[PDB]
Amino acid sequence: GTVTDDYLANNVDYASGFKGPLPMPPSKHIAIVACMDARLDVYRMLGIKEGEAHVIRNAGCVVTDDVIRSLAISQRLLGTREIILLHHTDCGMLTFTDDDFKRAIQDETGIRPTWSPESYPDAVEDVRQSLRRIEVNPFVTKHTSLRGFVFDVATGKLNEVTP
């Protein structure tokens, strides 16, 4: 059938071995923001176990208002105090510009998106931009650690980015 069908079949085997329920608050009091990229298995990359960490993911690991919203809830309601941001090499966000993307969408749909596609040219500098977005935000101030990294999709290694 479809991939959804196969993934649902995989869930049968997952459920057989499942242990729960666990408490809602992340047991390691940490939120991870990462790209949606297919090559990043965030749990395996960082040795995360079930129940430990919030994981927030979008196209390009962009600190949008949804990321701020998700961090605010994570911190204020569920007690997380560490933030890890995970960009990576060979990101799709490096491959297009915002104007061209919007133009193509409009060409085909007749409508231009209200949202910014949020492309950027340099993953390392955009970690710095992303860290700055969090640092200056009035709603996400609870963190005791805020660190950013670029994941190398060729080596599997994290490289830290300094502001």
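Quick note: we count residues from 1 along the sequence shown, nothing fancier.
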Mind pulling up the entry and telling me whether 93-101 or 41-49 has the higher mean Cα temperature factor? 93-101
Regarding 63-71 and 116-124, which shows the higher C-alpha temperature factor on average in the entry? 116-124
Using the temperature factors of the C-alpha atoms in this entry, rank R76 within its chain: lowest, middle or highest third. middle
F18: CA temperature factor from the record, placed by chain third, in the highest
Give the position of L8 by CA B-factor within its chain, expressed as the lowest, middle or highest third. lowest
Based on the deposited C-alpha B factors for this chain, I'd like to know if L86 is in the lowest, middle or highest third. highest
